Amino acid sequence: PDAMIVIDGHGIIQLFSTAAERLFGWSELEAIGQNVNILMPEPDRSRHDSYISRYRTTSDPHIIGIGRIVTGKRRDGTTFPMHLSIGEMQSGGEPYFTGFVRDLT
């Protein structure tokens, strides 16, 4: 029953499920088009794009297919513990990443 989020190869949100709206505080329309780093606190925020670049040029996963409990940040600035699972998919020869987010609250 997790929240689902999809981003492109550059970290830009492409889909934001209903549950993601309730969890993070942004509407689907607002989230789409924004970098996924708006959902996290520092230092991950400023480093997330590097996380993605690192994976695309090495193909060495740290969270994909592994999973981790991390800290997410709501629209009102408050942080919470969440479990994160990530998958990779191709469409039109382009990479997209699918994320499942479980609020551990």
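Throughout, rigid core stands for the largest set of C-alpha atoms superposing within 1.5 Å between the two forms. Residue numbers run from 1 along the displayed sequence.
After superposing on the rigid core, the larger RMS C-alpha deviation in 6 other deposited structures of this protein belongs to 53-61, the other candidate being whichever of 53-61 and 75-83 remains. When the C-alpha B-factors of 5-13 and 85-93 are averaged, 85-93 comes out higher. For the two regions 54-62 and 23-31, the entry's Cα B-factors average higher over 54-62. Ranked within its chain, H48 lands in the middle third, by CA B factor from the PDB record. The deposited CA B-factor of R75 belongs to the highest third of values across its chain.
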